[PDB]
Every structure is written in C-alpha cells, then in structure tokens.
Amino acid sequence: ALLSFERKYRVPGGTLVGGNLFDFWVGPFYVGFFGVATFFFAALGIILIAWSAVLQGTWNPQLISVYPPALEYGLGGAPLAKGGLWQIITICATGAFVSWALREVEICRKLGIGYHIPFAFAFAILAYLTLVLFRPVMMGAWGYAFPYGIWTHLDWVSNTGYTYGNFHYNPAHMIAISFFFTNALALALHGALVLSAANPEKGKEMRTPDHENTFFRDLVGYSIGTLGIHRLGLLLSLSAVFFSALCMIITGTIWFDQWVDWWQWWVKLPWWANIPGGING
C-alpha cells in the first residue's frame, strides 16, 4: 500500500551499493542493500539471543540475559556460553545499527532531503559503542560492558554508578542530565506551541508563526523562531547523548575514584582553601 501522495517519490535511485539490485520496497518499508544487511545482522543476533536463552535455561523476556565475557577474559574471545554469544551479538547489533543508518542515508538520497536524521542517529550508536566497545577496550576487558537483559542491564547501571559513589557527582553526568531535562522541557513547549496555534479557542481561526513568536515573547521575553526551536531540539538531544558518552568514557579511565571527591580541586584552591567558616572550613 501507498500513502495517497507517495507514488511520485518511489522512483529509481539513491542507493549506495548494488545499483538497482535491492532498489524496491516491501510494503511501506524501503529495502536497499542495507535493508538486507540489517535484516541479516538482526535475524542472526535475535537467533543468537534465543540460543543464549536456551543455554541459560529460560524463554521469559524479563529473565533472558546475555552477559559479556567475565573480566578474566580481558579483551580476548570467550566460549559462546561464557561471553562469546554476547561478543557475537554485539557485532550483529553494531552491524544492524550502522546498516540502519546507511539505509537511512539511501532513503535520504532517494527523497532529495538532508542527511540530518542518520547523522543524529549516529550519536545514539556512538553512545552504545562507548558502553560496549570504546570504554571496555580502554579498560582492558569486555566484562565492563553491560549485559543484554531488560532488568539485568539496569543492575549494571546501578552497580557501575555506585562503584564511584553517587554518580550524580560526575561533572559530565550533570551537564548531560541538563540537556535531557532541557530537551524534554523544549519538546513539551514546542509541541504545545504549534498545537496551541493550529488548535485555537473554539471557533477562532488558526493562529500564526507571528502569534507563536508573540506568545513566547510575551511569556518570557524571547522567541527562538520556528527554525530555531528545531535547531534547538536537535542540539539539546545530541548534546545530551554526547555528554552521556563523555561522562562514561572518562569513568573507569581518567577518573576511577569517588566522583564526589573530584570536586575538591575547586575547594582546595589556594586563595580560599584554608579560610575558615562555611561548610568546608
């Protein structure tokens, strides 16, 4: 099936690999070389996971967990049931995410639009590879990565953070959380603005960008503008993930002590380190 205005866009071209070989759709889905690659990587990984489910002894979604090689294995390979499948599944996951991005690039080329979406998606992928690849490799072992399990990965988040006390004190974690909070704030506002204009009070006429600018100008003394808010949401989101990746890439590597104590560089500053009074004096 097609959307009423879709056919004029389903033309040949845009593919990065294989010419018109895989240039076709399956229902609403565009295929392409990378659509096939993705399916491959995804099918395998799902299968390899169902297999790990058998070796673990469970078919329950809440229980199936796939752990990386124990620390003792370092960055080498480990037996399938002992961290191998994880290692293989991670390969598939990466292969499927990167393939999904590339498929996107092709969709962009066929549609004549910018590459912003896959570019954005790339940040998520990079966050993922920071947790399962870059940080582990920098730390010396795959055991530092998180396990693939609905609840078991939350365990890893908790233990990993408490390994440094209150993870709240990680300075980069603070910035990251800001962007996430600000992004959610911005999204709530952006959606409410456009909607409050497209859907005015009963019987009235749709408002306009002028009204939108007017509303925020009246409310807080500033309007970023329709091109601006979209530039902002993107910026906030990506910045949020960039700092997430950064807050962890530095943890267990350049800083491995209690994050709270990191803040001592500031308090110990010569010109006030020894002054009495206050909390730290």
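From 1 onward, residues are counted along the sequence shown.
Taking the PDB entry as given, 50 to 58 carries the higher mean Cα B factor of the two stretches 28 to 36 and 50 to 58. The deposited model assigns a higher average Cα B-factor to 265 to 273 than to the other stretch when 265 to 273 and 12 to 20 are compared. Comparing C-alpha B-factors across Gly203, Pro118, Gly149, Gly191 in the deposited entry, the largest value falls on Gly203. Within the selection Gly161, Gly83, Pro209, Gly112, the deposited Cα B-factor values reach their highest point at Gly83.
Sort the modelled residues of the chain by CA B factor and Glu104 lands in the lowest third. Among all modelled residues in this chain, the alpha-carbon of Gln87 has a temperature factor (C-alpha) in the highest third. In this PDB entry, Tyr73 carries a Cα temperature factor that places it within the highest third of its chain's modelled residues.
Among the modelled residues of the chain, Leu236 sits in the lowest third by CA temperature factor in this PDB entry. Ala93: CA B factor lies in the middle third for its chain, per the PDB record.
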